[PDB]
>>> print(open('entry_13.txt').read())   # compact mmCIF, N, CA and C atoms
# COMPACT_ATOMS: atom_id res chain seq x y z
N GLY N 1 -1.24 137.81 28.52
CA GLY N 1 -1.51 136.59 27.76
C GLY N 1 -0.61 136.53 26.56
N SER N 2 -0.61 135.41 25.88
CA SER N 2 0.21 135.22 24.70
C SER N 2 -0.47 135.83 23.47
N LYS N 3 -1.76 136.02 23.56
CA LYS N 3 -2.51 136.67 22.53
C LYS N 3 -3.23 137.83 23.17
N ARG N 4 -3.56 138.83 22.42
CA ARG N 4 -4.29 139.93 22.99
C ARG N 4 -5.77 139.74 22.83
N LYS N 5 -6.44 139.70 23.94
CA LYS N 5 -7.86 139.65 23.95
C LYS N 5 -8.30 141.06 24.26
N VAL N 6 -8.64 141.79 23.23
CA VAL N 6 -9.00 143.18 23.38
C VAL N 6 -10.43 143.27 23.88
N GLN N 7 -11.20 142.31 23.45
CA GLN N 7 -12.57 142.16 23.78
C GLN N 7 -13.00 140.87 23.17
N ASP N 8 -13.18 140.90 21.85
CA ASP N 8 -13.45 139.73 21.01
C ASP N 8 -14.73 138.99 21.43
N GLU N 9 -15.62 139.68 22.11
CA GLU N 9 -16.89 139.13 22.53
C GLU N 9 -17.86 140.26 22.76
N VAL N 10 -19.10 139.95 22.84
CA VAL N 10 -20.11 140.94 23.08
C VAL N 10 -20.65 140.76 24.51
N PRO N 11 -20.82 141.85 25.27
CA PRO N 11 -21.40 141.77 26.60
C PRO N 11 -22.87 141.35 26.52
N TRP N 12 -23.14 140.14 26.95
CA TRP N 12 -24.44 139.57 26.79
C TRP N 12 -24.84 138.84 28.05
N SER N 13 -23.99 137.91 28.45
CA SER N 13 -24.25 137.05 29.58
C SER N 13 -24.41 137.81 30.90
N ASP N 14 -23.47 138.68 31.20
CA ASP N 14 -23.49 139.37 32.48
C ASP N 14 -24.43 140.56 32.43
N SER N 15 -24.27 141.37 31.39
CA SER N 15 -25.05 142.57 31.15
C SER N 15 -24.35 143.29 30.01
N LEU N 16 -24.91 144.39 29.53
CA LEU N 16 -24.22 145.19 28.54
C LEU N 16 -23.21 146.02 29.33
N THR N 17 -22.01 146.17 28.84
CA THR N 17 -20.98 146.80 29.62
C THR N 17 -20.55 148.13 29.07
N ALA N 18 -19.92 148.92 29.93
CA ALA N 18 -19.54 150.28 29.64
C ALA N 18 -18.52 150.38 28.52
N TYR N 19 -17.58 149.46 28.48
CA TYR N 19 -16.50 149.54 27.51
C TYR N 19 -17.01 149.31 26.11
N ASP N 20 -17.81 148.29 25.94
CA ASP N 20 -18.30 147.97 24.63
C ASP N 20 -19.41 148.90 24.22
N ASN N 21 -20.08 149.48 25.20
CA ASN N 21 -21.16 150.44 24.96
C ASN N 21 -20.64 151.67 24.17
N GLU N 22 -19.32 151.87 24.20
CA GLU N 22 -18.68 152.98 23.53
C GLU N 22 -18.43 152.61 22.07
N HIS N 23 -18.60 151.34 21.77
CA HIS N 23 -18.31 150.80 20.47
C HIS N 23 -19.56 150.65 19.65
N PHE N 24 -20.73 150.79 20.25
CA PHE N 24 -21.99 150.54 19.55
C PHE N 24 -22.23 151.31 18.26
N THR N 25 -21.52 152.39 18.07
CA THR N 25 -21.57 153.11 16.84
C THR N 25 -21.03 152.22 15.68
N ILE N 26 -20.00 151.41 15.97
CA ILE N 26 -19.42 150.53 14.96
C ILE N 26 -20.31 149.33 14.70
N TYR N 27 -21.17 149.02 15.66
CA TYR N 27 -22.14 147.92 15.53
C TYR N 27 -23.08 148.17 14.38
N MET N 28 -23.49 149.41 14.27
CA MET N 28 -24.35 149.88 13.19
C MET N 28 -23.60 149.78 11.84
N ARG N 29 -22.30 149.84 11.92
CA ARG N 29 -21.45 149.71 10.75
C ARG N 29 -21.33 148.22 10.36
N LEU N 30 -21.25 147.36 11.37
CA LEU N 30 -21.05 145.92 11.19
C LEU N 30 -22.24 145.23 10.54
N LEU N 31 -23.45 145.49 11.04
CA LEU N 31 -24.64 144.79 10.53
C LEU N 31 -24.92 145.12 9.07
N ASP N 32 -24.48 146.30 8.66
CA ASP N 32 -24.62 146.73 7.28
C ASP N 32 -23.91 145.75 6.34
N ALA N 33 -22.78 145.23 6.80
CA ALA N 33 -22.01 144.28 6.02
C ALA N 33 -22.70 142.92 5.98
N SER N 34 -23.35 142.53 7.08
CA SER N 34 -24.05 141.26 7.11
C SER N 34 -25.29 141.31 6.22
N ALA N 35 -25.90 142.50 6.13
CA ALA N 35 -27.09 142.73 5.28
C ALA N 35 -26.70 142.75 3.80
N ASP N 36 -25.41 142.78 3.55
CA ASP N 36 -24.88 142.75 2.19
C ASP N 36 -24.67 141.29 1.79
N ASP N 37 -24.97 140.40 2.75
CA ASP N 37 -24.86 138.92 2.64
C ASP N 37 -23.40 138.51 2.56
N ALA N 38 -22.57 139.29 3.20
CA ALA N 38 -21.16 139.02 3.25
C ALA N 38 -20.89 137.92 4.27
N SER N 39 -19.88 137.13 4.02
CA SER N 39 -19.48 136.08 4.93
C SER N 39 -18.69 136.70 6.08
N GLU N 40 -18.48 135.95 7.14
CA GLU N 40 -17.76 136.46 8.30
C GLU N 40 -16.34 136.84 7.95
N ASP N 41 -15.70 136.00 7.15
CA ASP N 41 -14.33 136.23 6.67
C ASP N 41 -14.24 137.56 5.92
N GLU N 42 -15.22 137.79 5.06
CA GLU N 42 -15.32 138.99 4.28
C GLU N 42 -15.50 140.19 5.16
N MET N 43 -16.47 140.11 6.04
CA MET N 43 -16.82 141.23 6.87
C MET N 43 -15.71 141.57 7.81
N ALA N 44 -15.21 140.58 8.51
CA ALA N 44 -14.13 140.75 9.47
C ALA N 44 -12.95 141.49 8.88
N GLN N 45 -12.66 141.21 7.65
CA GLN N 45 -11.54 141.81 6.97
C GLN N 45 -11.82 143.27 6.61
N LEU N 46 -13.07 143.58 6.43
CA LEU N 46 -13.47 144.90 5.99
C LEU N 46 -13.82 145.79 7.18
N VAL N 47 -14.75 145.32 7.98
CA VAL N 47 -15.26 146.07 9.10
C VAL N 47 -14.35 146.00 10.34
N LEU N 48 -13.82 144.82 10.63
CA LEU N 48 -12.89 144.69 11.76
C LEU N 48 -11.43 144.82 11.29
N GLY N 49 -11.22 144.82 9.97
CA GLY N 49 -9.88 144.96 9.44
C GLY N 49 -9.02 143.72 9.66
N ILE N 50 -9.67 142.63 9.91
CA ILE N 50 -8.99 141.43 10.27
C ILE N 50 -9.02 140.45 9.14
N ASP N 51 -7.88 140.20 8.56
CA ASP N 51 -7.79 139.23 7.55
C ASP N 51 -7.87 137.87 8.16
N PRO N 52 -8.72 137.02 7.62
CA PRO N 52 -8.94 135.68 8.15
C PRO N 52 -7.78 134.73 7.87
N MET N 53 -6.77 135.23 7.21
CA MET N 53 -5.53 134.50 7.04
C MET N 53 -4.68 134.73 8.26
N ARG N 54 -4.78 135.93 8.77
CA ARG N 54 -4.02 136.37 9.93
C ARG N 54 -4.64 135.80 11.18
N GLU N 55 -5.90 136.13 11.38
CA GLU N 55 -6.61 135.74 12.59
C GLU N 55 -8.07 135.39 12.28
N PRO N 56 -8.33 134.20 11.74
CA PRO N 56 -9.70 133.76 11.39
C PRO N 56 -10.58 133.55 12.62
N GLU N 57 -9.95 133.18 13.74
CA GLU N 57 -10.67 132.87 14.94
C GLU N 57 -11.39 134.10 15.48
N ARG N 58 -10.64 135.17 15.75
CA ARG N 58 -11.28 136.35 16.30
C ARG N 58 -12.09 137.07 15.24
N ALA N 59 -11.73 136.86 13.99
CA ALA N 59 -12.43 137.45 12.86
C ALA N 59 -13.89 137.06 12.89
N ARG N 60 -14.16 135.77 13.00
CA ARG N 60 -15.52 135.31 13.02
C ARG N 60 -16.18 135.66 14.36
N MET N 61 -15.38 135.70 15.43
CA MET N 61 -15.89 136.02 16.77
C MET N 61 -16.43 137.43 16.81
N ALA N 62 -15.62 138.36 16.36
CA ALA N 62 -15.98 139.76 16.39
C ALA N 62 -17.09 140.06 15.41
N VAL N 63 -17.15 139.32 14.34
CA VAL N 63 -18.23 139.51 13.41
C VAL N 63 -19.55 138.99 13.96
N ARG N 64 -19.60 137.70 14.27
CA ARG N 64 -20.85 137.07 14.68
C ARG N 64 -21.36 137.62 16.00
N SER N 65 -20.48 137.76 16.97
CA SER N 65 -20.86 138.22 18.28
C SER N 65 -21.28 139.67 18.28
N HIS N 66 -20.57 140.50 17.56
CA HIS N 66 -20.90 141.89 17.56
C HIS N 66 -22.14 142.16 16.71
N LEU N 67 -22.31 141.43 15.59
CA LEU N 67 -23.50 141.60 14.79
C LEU N 67 -24.70 141.18 15.60
N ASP N 68 -24.49 140.21 16.51
CA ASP N 68 -25.54 139.78 17.41
C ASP N 68 -26.14 140.95 18.15
N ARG N 69 -25.34 141.80 18.76
CA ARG N 69 -25.99 142.90 19.46
C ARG N 69 -26.41 144.00 18.50
N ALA N 70 -25.71 144.12 17.38
CA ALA N 70 -26.04 145.13 16.38
C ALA N 70 -27.45 144.91 15.83
N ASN N 71 -27.73 143.69 15.39
CA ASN N 71 -29.03 143.35 14.83
C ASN N 71 -30.09 143.26 15.92
N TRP N 72 -29.73 142.67 17.05
CA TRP N 72 -30.67 142.51 18.16
C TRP N 72 -31.11 143.85 18.77
N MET N 73 -30.26 144.87 18.64
CA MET N 73 -30.57 146.21 19.13
C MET N 73 -31.75 146.83 18.33
N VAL N 74 -32.01 146.32 17.14
CA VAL N 74 -33.17 146.77 16.38
C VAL N 74 -34.31 145.76 16.51
N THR N 75 -35.10 145.93 17.55
CA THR N 75 -36.17 145.01 17.96
C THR N 75 -37.10 144.56 16.80
N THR N 76 -37.48 145.47 15.95
CA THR N 76 -38.37 145.14 14.86
C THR N 76 -37.59 145.12 13.52
N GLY N 77 -36.28 145.00 13.62
CA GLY N 77 -35.45 144.93 12.44
C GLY N 77 -35.25 143.50 11.99
N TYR N 78 -34.91 142.65 12.93
CA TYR N 78 -34.69 141.25 12.65
C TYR N 78 -36.01 140.47 12.67
N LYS N 79 -36.69 140.46 11.55
CA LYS N 79 -37.93 139.74 11.44
C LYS N 79 -37.69 138.29 11.14
N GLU N 80 -37.17 137.63 12.12
CA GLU N 80 -36.91 136.23 12.08
C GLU N 80 -37.24 135.71 13.46
N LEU N 81 -36.65 136.33 14.47
CA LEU N 81 -37.03 136.05 15.83
C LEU N 81 -38.36 136.75 16.09
N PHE N 82 -38.45 137.97 15.62
CA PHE N 82 -39.70 138.70 15.63
C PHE N 82 -40.39 138.47 14.31
N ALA N 83 -40.95 137.31 14.17
CA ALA N 83 -41.61 136.93 12.97
C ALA N 83 -42.91 136.27 13.29
N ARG N 84 -43.95 137.03 13.17
CA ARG N 84 -45.29 136.57 13.34
C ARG N 84 -46.10 137.08 12.20
>>> encode(input="entry_13.txt", output="structure tokens")
Amino acid sequence: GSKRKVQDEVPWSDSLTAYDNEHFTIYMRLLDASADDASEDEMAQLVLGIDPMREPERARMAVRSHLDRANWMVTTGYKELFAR
């Protein structure tokens, strides 16, 4: 391709996958930044090392999508969906 798609998404639709399953350690690193109330641009640049000047598109992708499984992996952590 003209751009490198290394992943830039979270395995959700099909199933959780082997390749990204090796990355889940960094997921725990990612959600920590979101809990700091950091914006995607901020986080992406810090946690993914992606400056949003360089690549804002994948920056927000890797942040939002990966935090999705990071936070969702803690069933009783996200008291918003689990909010009763």
>>> residues_around(input="entry_13.txt", residues="segment 28-31 of chain N", least_positions_apart="3", cutoff="6.5 Å", atoms="all atoms listed in the file", output="list in words")
residues 24, 25, 34, 35, 36, 47, 67, 70 and 71 of chain N
>>> closest_residue(input="entry_13.txt", among="N:46, N:74, N:62, N:33", to="residue 20 of chain N", atoms="only C-alpha atoms")
N:62
>>> select_by_dssp(input="entry_13.txt", residues="segment 8-51 of chain N", states="alpha helix (DSSP H)", output="ChimeraX atom specification")
/N:24-34,40-46
>>> atom_distance(input="entry_13.txt", atom1="atom N of residue 45 of chain N", atom2="atom CA of residue 2 of chain N")
22.2 Å
>>> atom_distance(input="entry_13.txt", atom1="atom C of residue 11 of chain N", atom2="atom CA of residue 61 of chain N")
13.1 Å
>>> atom_distance(input="entry_13.txt", atom1="atom CA of residue 44 of chain N", atom2="atom CA of residue 60 of chain N")
6.6 Å
>>> build_atoms(input="entry_13.txt", residues="segment 33-55 of chain N", atoms="N, CA, C and O atoms", output="PDB file, in the frame of the given file")
ATOM      1  N   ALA N  33     -22.780 145.230   6.800  1.00  0.00           N
ATOM      2  CA  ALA N  33     -22.010 144.280   6.020  1.00  0.00           C
ATOM      3  C   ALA N  33     -22.700 142.920   5.980  1.00  0.00           C
ATOM      4  O   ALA N  33     -22.699 142.243   4.948  1.00  0.00           O
ATOM      5  N   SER N  34     -23.350 142.530   7.080  1.00  0.00           N
ATOM      6  CA  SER N  34     -24.050 141.260   7.110  1.00  0.00           C
ATOM      7  C   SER N  34     -25.290 141.310   6.220  1.00  0.00           C
ATOM      8  O   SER N  34     -25.646 140.318   5.585  1.00  0.00           O
ATOM      9  N   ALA N  35     -25.900 142.500   6.130  1.00  0.00           N
ATOM     10  CA  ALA N  35     -27.090 142.730   5.280  1.00  0.00           C
ATOM     11  C   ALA N  35     -26.700 142.750   3.800  1.00  0.00           C
ATOM     12  O   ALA N  35     -27.548 142.716   2.900  1.00  0.00           O
ATOM     13  N   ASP N  36     -25.410 142.780   3.550  1.00  0.00           N
ATOM     14  CA  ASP N  36     -24.880 142.750   2.190  1.00  0.00           C
ATOM     15  C   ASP N  36     -24.670 141.290   1.790  1.00  0.00           C
ATOM     16  O   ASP N  36     -24.303 140.974   0.655  1.00  0.00           O
ATOM     17  N   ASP N  37     -24.970 140.400   2.750  1.00  0.00           N
ATOM     18  CA  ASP N  37     -24.860 138.920   2.640  1.00  0.00           C
ATOM     19  C   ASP N  37     -23.400 138.510   2.560  1.00  0.00           C
ATOM     20  O   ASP N  37     -23.017 137.523   1.937  1.00  0.00           O
ATOM     21  N   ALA N  38     -22.570 139.290   3.200  1.00  0.00           N
ATOM     22  CA  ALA N  38     -21.160 139.020   3.250  1.00  0.00           C
ATOM     23  C   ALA N  38     -20.890 137.920   4.270  1.00  0.00           C
ATOM     24  O   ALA N  38     -21.636 137.782   5.252  1.00  0.00           O
ATOM     25  N   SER N  39     -19.880 137.130   4.020  1.00  0.00           N
ATOM     26  CA  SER N  39     -19.480 136.080   4.930  1.00  0.00           C
ATOM     27  C   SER N  39     -18.690 136.700   6.080  1.00  0.00           C
ATOM     28  O   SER N  39     -18.224 137.845   5.965  1.00  0.00           O
ATOM     29  N   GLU N  40     -18.480 135.950   7.140  1.00  0.00           N
ATOM     30  CA  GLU N  40     -17.760 136.460   8.300  1.00  0.00           C
ATOM     31  C   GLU N  40     -16.340 136.840   7.950  1.00  0.00           C
ATOM     32  O   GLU N  40     -15.864 137.880   8.363  1.00  0.00           O
ATOM     33  N   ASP N  41     -15.700 136.000   7.150  1.00  0.00           N
ATOM     34  CA  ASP N  41     -14.330 136.230   6.670  1.00  0.00           C
ATOM     35  C   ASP N  41     -14.240 137.560   5.920  1.00  0.00           C
ATOM     36  O   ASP N  41     -13.317 138.351   6.141  1.00  0.00           O
ATOM     37  N   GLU N  42     -15.220 137.790   5.060  1.00  0.00           N
ATOM     38  CA  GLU N  42     -15.320 138.990   4.280  1.00  0.00           C
ATOM     39  C   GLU N  42     -15.500 140.190   5.160  1.00  0.00           C
ATOM     40  O   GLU N  42     -14.728 141.139   5.088  1.00  0.00           O
ATOM     41  N   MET N  43     -16.470 140.110   6.040  1.00  0.00           N
ATOM     42  CA  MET N  43     -16.820 141.230   6.870  1.00  0.00           C
ATOM     43  C   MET N  43     -15.710 141.570   7.810  1.00  0.00           C
ATOM     44  O   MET N  43     -15.285 142.698   7.835  1.00  0.00           O
ATOM     45  N   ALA N  44     -15.210 140.580   8.510  1.00  0.00           N
ATOM     46  CA  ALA N  44     -14.130 140.750   9.470  1.00  0.00           C
ATOM     47  C   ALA N  44     -12.950 141.490   8.880  1.00  0.00           C
ATOM     48  O   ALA N  44     -12.383 142.341   9.523  1.00  0.00           O
ATOM     49  N   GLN N  45     -12.660 141.210   7.650  1.00  0.00           N
ATOM     50  CA  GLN N  45     -11.540 141.810   6.970  1.00  0.00           C
ATOM     51  C   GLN N  45     -11.820 143.270   6.610  1.00  0.00           C
ATOM     52  O   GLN N  45     -10.918 144.099   6.556  1.00  0.00           O
ATOM     53  N   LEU N  46     -13.070 143.580   6.430  1.00  0.00           N
ATOM     54  CA  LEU N  46     -13.470 144.900   5.990  1.00  0.00           C
ATOM     55  C   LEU N  46     -13.820 145.790   7.180  1.00  0.00           C
ATOM     56  O   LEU N  46     -13.219 146.840   7.382  1.00  0.00           O
ATOM     57  N   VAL N  47     -14.750 145.320   7.980  1.00  0.00           N
ATOM     58  CA  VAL N  47     -15.260 146.070   9.100  1.00  0.00           C
ATOM     59  C   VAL N  47     -14.350 146.000  10.340  1.00  0.00           C
ATOM     60  O   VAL N  47     -14.148 146.994  11.016  1.00  0.00           O
ATOM     61  N   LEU N  48     -13.820 144.820  10.630  1.00  0.00           N
ATOM     62  CA  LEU N  48     -12.890 144.690  11.760  1.00  0.00           C
ATOM     63  C   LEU N  48     -11.430 144.820  11.290  1.00  0.00           C
ATOM     64  O   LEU N  48     -10.520 144.945  12.116  1.00  0.00           O
ATOM     65  N   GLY N  49     -11.220 144.820   9.970  1.00  0.00           N
ATOM     66  CA  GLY N  49      -9.880 144.960   9.440  1.00  0.00           C
ATOM     67  C   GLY N  49      -9.020 143.720   9.660  1.00  0.00           C
ATOM     68  O   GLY N  49      -7.795 143.766   9.581  1.00  0.00           O
ATOM     69  N   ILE N  50      -9.670 142.630   9.910  1.00  0.00           N
ATOM     70  CA  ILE N  50      -8.990 141.430  10.270  1.00  0.00           C
ATOM     71  C   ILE N  50      -9.020 140.450   9.140  1.00  0.00           C
ATOM     72  O   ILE N  50     -10.070 139.927   8.790  1.00  0.00           O
ATOM     73  N   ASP N  51      -7.880 140.200   8.560  1.00  0.00           N
ATOM     74  CA  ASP N  51      -7.790 139.230   7.550  1.00  0.00           C
ATOM     75  C   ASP N  51      -7.870 137.870   8.160  1.00  0.00           C
ATOM     76  O   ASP N  51      -7.175 137.573   9.138  1.00  0.00           O
ATOM     77  N   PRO N  52      -8.720 137.020   7.620  1.00  0.00           N
ATOM     78  CA  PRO N  52      -8.940 135.680   8.150  1.00  0.00           C
ATOM     79  C   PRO N  52      -7.780 134.730   7.870  1.00  0.00           C
ATOM     80  O   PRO N  52      -7.813 133.557   8.220  1.00  0.00           O
ATOM     81  N   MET N  53      -6.770 135.230   7.210  1.00  0.00           N
ATOM     82  CA  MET N  53      -5.530 134.500   7.040  1.00  0.00           C
ATOM     83  C   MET N  53      -4.680 134.730   8.260  1.00  0.00           C
ATOM     84  O   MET N  53      -3.996 133.830   8.754  1.00  0.00           O
ATOM     85  N   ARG N  54      -4.780 135.930   8.770  1.00  0.00           N
ATOM     86  CA  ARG N  54      -4.020 136.370   9.930  1.00  0.00           C
ATOM     87  C   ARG N  54      -4.640 135.800  11.180  1.00  0.00           C
ATOM     88  O   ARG N  54      -4.011 135.029  11.920  1.00  0.00           O
ATOM     89  N   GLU N  55      -5.900 136.130  11.380  1.00  0.00           N
ATOM     90  CA  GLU N  55      -6.610 135.740  12.590  1.00  0.00           C
ATOM     91  C   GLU N  55      -8.070 135.390  12.280  1.00  0.00           C
ATOM     92  O   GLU N  55      -8.963 136.202  12.509  1.00  0.00           O
TER      93      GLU N  55
END
